[PDB]
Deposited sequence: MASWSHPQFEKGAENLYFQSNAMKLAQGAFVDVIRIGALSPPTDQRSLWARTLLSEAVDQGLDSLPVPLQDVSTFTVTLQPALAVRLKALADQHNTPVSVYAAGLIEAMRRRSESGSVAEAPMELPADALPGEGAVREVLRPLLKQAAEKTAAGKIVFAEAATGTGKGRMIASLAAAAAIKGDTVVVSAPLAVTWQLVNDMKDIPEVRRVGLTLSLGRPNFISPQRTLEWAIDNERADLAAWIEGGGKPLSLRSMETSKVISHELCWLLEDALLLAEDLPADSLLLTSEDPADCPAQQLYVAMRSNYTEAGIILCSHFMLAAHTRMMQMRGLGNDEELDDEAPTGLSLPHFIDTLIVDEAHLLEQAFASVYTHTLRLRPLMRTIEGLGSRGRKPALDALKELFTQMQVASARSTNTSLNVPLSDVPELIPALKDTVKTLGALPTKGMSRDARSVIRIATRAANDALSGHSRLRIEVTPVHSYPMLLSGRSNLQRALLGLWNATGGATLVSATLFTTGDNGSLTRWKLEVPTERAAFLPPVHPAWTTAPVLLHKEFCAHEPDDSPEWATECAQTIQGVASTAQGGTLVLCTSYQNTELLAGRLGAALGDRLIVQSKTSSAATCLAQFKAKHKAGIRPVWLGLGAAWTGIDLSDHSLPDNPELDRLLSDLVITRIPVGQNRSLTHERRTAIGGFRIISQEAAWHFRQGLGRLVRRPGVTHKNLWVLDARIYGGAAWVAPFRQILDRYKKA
């Protein structure tokens, strides 16, 4: 209550010592790893840290996704020092998508939910924000919640987009309200795009040196960086756009694109393997094609092209050049198995970019509920974010008793090992049907693939009917979340066969009871069908496993698993929470299942 940080009285009691340690280690120039349980009030802690740093005179940047950005703004504006120093939102173009190209892609890939969201105006899905300029639509994060495999490289809002575009107009209207404030709030994608732009030089305007950086939900940061260095070449819309231009240079570009298509099919059939990402040296059939594809793309004149063709051809050239850089790993999707022709080029190492970020950062604090793999072991996270080992500071985690006290772990499990077989599907569906018959509220059932989900759906559909919500490629995660909330509100007890984002991001606390968490029954039964092994399909995870062995696989599996468990208790004061783990390998007496058996032992069984 004296000689304290701004807004520290609003920070919950449990996070105050962690707050003090983070403040100290950050002012000393260290990259702090502060893991705190969800529902403890991490937003107030972030607000107090940013306020203490901004009062000192530092340039403070808080990088957080837009979902939590609203509540972060609310928690920061409550601090008077923050309101005095100023708080702005650096909403650069990489935050927004192009409605035209996103709608076209959704149509070409038969993603009805994404098409409907674009047609409806791209309105915010989760979010509210009323005193920060206008309403934020066309957000990349919502689009990703509607299509996890969104080729964001080729669907982002560019400066070459027409002025009458809604996303462009929203960006310009937001940029007009941008002032030089003490605290700048950005997204993970904004921070990563800014770092990449700053490196490629040696509207995007972040401080060239971040005195104090505060990353919230830091377990997403790397993925953001990974997305910013991904390049996508979508051949069908590019070919269509070129078909809609003057014939002076149309024929050569179209013939070069068809040559590239044929060479991509050749390389695809050259070695099927298992969706393997190969360098350009392993598929030389694309080297001339790609080269030709670039030349013709620059040959046709801009005197006659609209802004749409301009941005499309520029993005295509950037992608084809990043493919021919040799520093990338390629993934081909063509006629044999993918109706939508596409060439992906990613970076299996983000070390230079993240090091450029940390070199331009005086001090930093990373906040999340899943920073450590076990205890305070942030080694996997440090490696992912490429934090210099001398600057990393693994503070103790904060996970109170209420995060597991209302939870009762059940002894029942599916005896047949998860082998993607119809027999496993039958047994696991019998188990899920039992859990659904006993369940008092909404039931979430996490799966590891679309195939397991389809089998479990074919079983549980005839049994449940009104209650079942099957996630798929067409049925996004957001539409399933909305169906879940609606069916729970109607009195039905829904059973959501979820995957993907259902493991990592969704907030299943009933917002109809913000002051009475004792009556929260929105998610009463969490069910884990499989240990999430092999769910990370990033190039950096491929390199990390190739270097460190099966320990990286096991640590990523435990990280994903603890995230999935973190969907059940989202706040204190809840009750009647049930946890189910059906993977027979847990109770199999193996060696690699020892980490998981730790967390599950931490609960109380019944």
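Deposited residues absent from the coordinates (by C-alpha): In sequence order, the gaps with no modelled C-alpha are 1-125, 253-256, 332-344.
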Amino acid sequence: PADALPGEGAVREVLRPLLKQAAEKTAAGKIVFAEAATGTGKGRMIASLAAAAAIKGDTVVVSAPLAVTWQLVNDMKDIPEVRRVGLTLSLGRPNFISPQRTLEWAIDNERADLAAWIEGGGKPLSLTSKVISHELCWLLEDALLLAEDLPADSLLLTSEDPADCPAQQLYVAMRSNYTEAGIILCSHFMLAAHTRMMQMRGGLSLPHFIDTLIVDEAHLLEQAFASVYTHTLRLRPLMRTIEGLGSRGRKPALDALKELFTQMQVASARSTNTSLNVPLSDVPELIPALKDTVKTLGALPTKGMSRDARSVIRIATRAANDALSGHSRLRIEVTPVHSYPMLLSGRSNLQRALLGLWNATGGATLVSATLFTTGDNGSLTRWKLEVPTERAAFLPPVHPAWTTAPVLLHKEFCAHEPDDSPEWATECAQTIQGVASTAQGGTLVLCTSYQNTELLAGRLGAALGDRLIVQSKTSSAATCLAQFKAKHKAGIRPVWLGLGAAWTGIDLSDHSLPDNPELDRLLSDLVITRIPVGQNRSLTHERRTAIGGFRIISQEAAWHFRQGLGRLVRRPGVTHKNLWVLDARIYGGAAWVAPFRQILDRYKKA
From here on, numbers count along this sequence of modelled residues.
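282-290 versus 91-99 - greater average Cα B-factor per the deposited record: If you average the C-alpha B-factors of 91-99 and of 282-290, the larger mean comes out for 282-290.
Segment of higher mean CA temperature factor, 248-256 or 385-393: Per the PDB record, 248-256.
Top Cα B factor in the deposited entry, candidates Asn349, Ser368, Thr374, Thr529: Across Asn349, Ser368, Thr374, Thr529, the entry lists the biggest C-alpha B-factor for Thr374.
Selection by C-alpha B-factor (highest) of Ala152, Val215, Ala463, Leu139: In this record, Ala463 carries the highest C-alpha B-factor of the candidates.
Third of chain Cα B-factors occupied by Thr575: It belongs to the highest third of the chain when residues are ordered by C-alpha B-factor.
Within-chain third of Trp105 by Cα B-factor, per the entry: Its C-alpha B-factor belongs to the lowest third of this chain's values.
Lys123, C-alpha B-factor rank within chain (lowest, middle or highest third): According to the entry, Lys123 has a C-alpha B-factor in the chain's middle third.
Entry-reported Cα temperature factor of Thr158, expressed as the chain third it lands in: It falls in the bottom third of the chain.
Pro406, C-alpha B-factor rank within chain (lowest, middle or highest third): Tercile = highest for this residue's CA B-factor.
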